[PDB]
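Beneath this line is the structure, given in structure tokens, with notes to follow.
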There are 4 protein chains.
Amino acid sequence: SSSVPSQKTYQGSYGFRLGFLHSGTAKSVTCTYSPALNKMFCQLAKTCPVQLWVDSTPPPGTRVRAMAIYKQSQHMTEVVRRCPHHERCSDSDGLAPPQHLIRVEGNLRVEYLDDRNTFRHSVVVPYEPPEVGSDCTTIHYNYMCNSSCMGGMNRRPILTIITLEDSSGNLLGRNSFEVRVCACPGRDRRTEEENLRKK
Amino acid sequence: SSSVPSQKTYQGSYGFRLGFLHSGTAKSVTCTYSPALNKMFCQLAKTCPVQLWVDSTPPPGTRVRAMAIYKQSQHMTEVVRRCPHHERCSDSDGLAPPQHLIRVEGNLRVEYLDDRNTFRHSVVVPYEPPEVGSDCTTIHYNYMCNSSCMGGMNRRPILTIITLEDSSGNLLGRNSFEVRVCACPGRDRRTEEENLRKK
Amino acid sequence: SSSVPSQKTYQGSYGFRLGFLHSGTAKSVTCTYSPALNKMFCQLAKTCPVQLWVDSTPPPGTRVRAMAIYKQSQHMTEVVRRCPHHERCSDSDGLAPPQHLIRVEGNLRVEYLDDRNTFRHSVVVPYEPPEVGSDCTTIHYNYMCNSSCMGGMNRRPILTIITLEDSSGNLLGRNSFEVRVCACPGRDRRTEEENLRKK
Amino acid sequence: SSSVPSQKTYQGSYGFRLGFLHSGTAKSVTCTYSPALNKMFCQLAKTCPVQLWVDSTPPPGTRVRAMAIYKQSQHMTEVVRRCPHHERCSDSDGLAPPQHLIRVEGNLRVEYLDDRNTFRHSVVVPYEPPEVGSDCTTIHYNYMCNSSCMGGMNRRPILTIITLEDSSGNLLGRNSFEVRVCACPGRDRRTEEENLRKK
DNA sequence: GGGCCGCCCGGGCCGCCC
DNA sequence: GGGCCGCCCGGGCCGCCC
Ligand SMILES: [Zn+2]
Ligand SMILES: [Zn+2]
Ligand SMILES: [Zn+2]
Ligand SMILES: [Zn+2]
């Protein structure tokens with residue numbers, strides 16, 4: 001079987017969708033999402049709010065998993081990992097393994113997983129329904145390397161795959177978005193959107 | 001009996017066909033398929049996505065085998081192997097014999113076979129139906145020598161033969177395409193397509 | 001005492017001087033020395049010939065040590081080391097510690113030392129007089145990181161300090177030159193020489 | 001000490017010089033020497049006559065050694081060897097190790113040596129004075145790879161170093177010349193001589 | 001917010017076929 | 001002897017300094 005997780009959108013029985021904040025485009029804004037590109041632009045280690053929307057509430061014990069894969073076919077097989085420089089940096093929260101690219105901040109029940117067959121990394125939190133009167137549940141992700149990091153992503157674009165799963169790991173829903181971790185998310189979003197409109 | 005495997009197209013009971021991505025034509029693109037030539041142009045060791053399409057799902061235990069043979073009659077008899085230089089290069093994935101031209105990346109159940117009678121190499125993975133909502137199953141192949149390699153293919157064109165087989169080795173379907181492994185797949189595809197249109 | 005080794009030129013009793021080949025200026029030449037800047041421009045891991053000239057022959061047991069220090073006052077204190085990415089690369093010659101920036105190739109008696117007090121790296125070979133009829137002795141050095149390497153030199157210029165020492169470590173002579181390890185030594189030498197002439 | 005043998009010309013006590021036949025420049029002549037370049041152009045495995053001239057006769061037991069080194073500083077450290085393809089070719093004379101680039105044909109007392117410290121290859125024959133009435137002693141060398149061989153010389157020019165030595169290995173004399181092993185020695189000699197006269 | 005170094009890019013330069 | 005594929009080449013395109 002393939003060692004590359006599927007990226008196919010699957011809203012599933014609960015109508016699972018992702019939402020992103022309306023952020024702006026100042027040159028070095030910490031995080032900003034492009035709907036035209038379905039692509040998040042963000043700085044290293046900064047908060048990236050991701051909204052979980054459902055049409056109906058999934059059962060208790062539902063989990064939310066985030067995992068990165070390289071976007072290009074030529075690189076899908078390679079596990080996405082932190083580069084050796086940032087791996088050795090003293091910046092662990094005491095829970096996230098230093099090799100993991102994606103973290104979750106502000107959650108008491110975070111789990112960091114290494115797949116036993118594919119060796120891919122992922123980070124898991126329990127699914128929580130929105131507060132009564134709220135439309136969605138917001139998770140704060142962090143990406144611990146720039147897309148450009150030498151010896152790590154090395155300028156290769158990645159996708160983040162968000163899955164809703166039961167406690168057994170069965171797929172309840174799946175969505176994805178592209179990520180660029182860079183120094184100037186506002187400049188780069190504008191550049192990439194202009195290259196899109198030009199072509 | 002002939003030691004040269006058949007290349008005859010056979011869609012079979014399950015309507016087996018191959019598909020290829022719409023790739024582009026930049027001078028040194030890593031992989032690009034020419035429908036006019038039914039020919040894949042790719043760089044050494046780079047990802048070559050090949051799509052498996054069926055009209056109906058073959059049974060569990062079905063296998064997908066890929067094998068290379070020289071295209072020209074004068075060379076069909078000779079086993080396709082890596083050249084001595086690349087055979088000795090430390091580029092093994094720990095599974096593929098260093099002599100094998102064709103590898104599969106990103107699959108946990110890959111097998112590398114040497115025919116006991118013909119000594120030809122092949123690489124096998126289990127057939128997997130596409131995800132629900134997907135049209136095909138994609139396999140990532142790698143070719144570990146240039147077509148031009150001295151002491152190996154030595155500028156002789158090859159065919160890749162893809163067979164659908166049951167677990168006993170019975171034939172369920174067969175397709176094939178020409179392969180050129182080269183430094184500049186975009187240049188060489190254009191050159192060969194132009195020579196086709198001129199002739 | 002200072003943990004920063006002196007860079008002061010000292011020709012000493014034997015008239016110790018350095019010489020460099022007349023190299024050229026093509027964009028990506030592997031190594032080229034600028035007399036205007038007393039600066040070597042070279043590519044990662046490529047041969048850097050350095051000539052040892054003396055007015056008279058030092059005694060047997062003389063050693064030639066090479067050590068790097070950061071040029072700028074702000075960085076002199078920090079030990080010059082390879083970055084984490086290149087430290088983990090499998091490029092060791094079986095002798096050079098993976099942390100050492102400077103190597104010597106083609107010498108059977110090379111030693112790699114870590115100072116017990118300052119922890120600075122250096123590489124040592126025996127001094128050999130030139131062949132009869134030759135004017136100098138040539139050593140081939142290699143620099144195993146780019147000056148720009150993240151987590152290593154990180155765009156900070158270095159000096160290479162070459163010392164002539166007796167077997168006890170007493171100083172017999174000392175010379176030095178600036179080094180930039182970069183992808184395009186010819187481009188960068190021209191750029192820096194033009195900035196010199198303009199200023 | 002350096003693992004790179006000296007190439008310095010040393011006529012020595014016996015006035016040791018090399019001579020080469022006047023050959024011509026037909027496109028694919030098997031061997032032709034350029035005095036303007038001090039460079040031999042020859043085809044793979046073909047006879048390359050090399051003349052040994054002395055002003056006076058060296059003692060009995062004198063040996064003649066030929067050894068190849070790469071000409072460019074960047075490659076001097078690497079041992080010159082046959083490529084993996086020609087190494088596996090069944091073309092040994094029963095004496096020459098398949099890895100050795102340089103052979104001697106037509107000599108009953110040929111020795112093939114692998115240096116115990118540098119691992120460099122060489123081929124040795126006894127020195128013989130010319131016949132009475134003859135001016136020189138001619139040795140027939142063969143080069144068993146093209147300069148272009150992938151995984152071997154890989155288009156890097158080499159020097160052949162010819163040394164006169166006593167039975168102990170002491171240096172009595174040394175000369176050298178560049179070698180290009182190629183398919184068309186006449187064409188390539190003319191090309192390289194024209195590039196010389198142009199510049 | 002303006003603007004200043006590794007790597008990608010298309011042009012074009014040696015064994016073998018004719 | 002004429003002439004037809006991997007690799008070298010100079011132009012030019014993302015973190016950090018200002
Ligand atoms: Zn990083
Ligand atoms: Zn090969
Ligand atoms: Zn480095
Ligand atoms: Zn060869």
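Identifiers in this document derive from the order of the structure tokens: chains are assigned A, B, ..., residues are numbered from 1 separately in each chain, and ligands are numbered from 1 in order of occurrence.
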Counting only C-alpha atoms, which residues of chain D come no farther than 10 Å from chain C, as a ChimeraX atom specification?
-> /D:1-4,6,8-10,72-78,117-118
Once you count only C-alpha atoms (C1' of nucleotides), which residues of chain C turn out to be within 10 Å of chain F? Could you give them as a ChimeraX atom specification?
-> /C:26-28,187
Next, the residues of the selection above should be written as a tab-separated table (two decimals), in the first residue's frame with N, CA and C atoms.
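Output contents, as saved in part-v2.tsv:
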chain	number	residue	atom	x	y	z
C	26	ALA	N	35.99	33.33	-14.04
C	26	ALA	CA	34.70	32.81	-14.51
C	26	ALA	C	33.72	32.69	-13.34
C	27	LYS	N	32.43	32.84	-13.65
C	27	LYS	CA	31.41	33.05	-12.62
C	27	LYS	C	31.51	32.04	-11.48
C	28	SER	N	31.60	30.75	-11.81
C	28	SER	CA	31.58	29.68	-10.82
C	28	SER	C	32.88	28.89	-10.78
C	187	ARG	N	31.91	35.43	-9.67
C	187	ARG	CA	30.98	36.53	-9.48
C	187	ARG	C	31.29	37.31	-8.21
All residues having an atom within 8 Å of ligand 1 (only C-alpha atoms (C1' of nucleotides) and all ligand atoms) as a PyMOL selection string = chain A and resi 82-87+144-153
Non-local contacts of stretch 51-61 of chain C (8 Å; only C-alpha atoms (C1' of nucleotides); under 2 positions in same chain excluded) as a list in words =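 The residues satisfying every condition are residues 14, 15, 16, 17, 18, 19, 20, 49, 63, 126, 127, 129, 135, 136, 137, 138, 139, 166 and 167 of chain C.
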What are the DSSP alpha helix (DSSP H) residues of stretch 8-190 of chain B, as a ChimeraX atom specification?
-> /B:84-88,185-190
Can I get the selection written as an mmCIF file, in the first residue's frame, with C-alpha atoms?
data_model
loop_
_atom_site.group_PDB
_atom_site.id
_atom_site.type_symbol
_atom_site.label_atom_id
_atom_site.label_comp_id
_atom_site.auth_asym_id
_atom_site.auth_seq_id
_atom_site.Cartn_x
_atom_site.Cartn_y
_atom_site.Cartn_z
ATOM 1 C CA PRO B 84 28.035 -1.115 -14.209
ATOM 2 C CA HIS B 85 28.590 2.477 -13.062
ATOM 3 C CA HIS B 86 25.134 3.033 -11.592
ATOM 4 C CA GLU B 87 24.981 -0.551 -10.299
ATOM 5 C CA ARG B 88 27.898 0.257 -7.958
ATOM 6 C CA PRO B 185 13.035 15.318 -21.140
ATOM 7 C CA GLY B 186 11.340 18.481 -22.410
ATOM 8 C CA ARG B 187 13.927 19.096 -25.120
ATOM 9 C CA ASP B 188 13.921 15.462 -26.207
ATOM 10 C CA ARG B 189 10.133 15.094 -26.272
ATOM 11 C CA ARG B 190 9.855 18.164 -28.493
#
Long-range neighbours of residue C:176 as a list in words, 7 Å cut-off, only C-alpha atoms (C1' of nucleotides), 5 positions minimum in chain |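 Once the adjacent positions are removed, what remains is residues 7, 159, 160, 161 and 162 of chain C.
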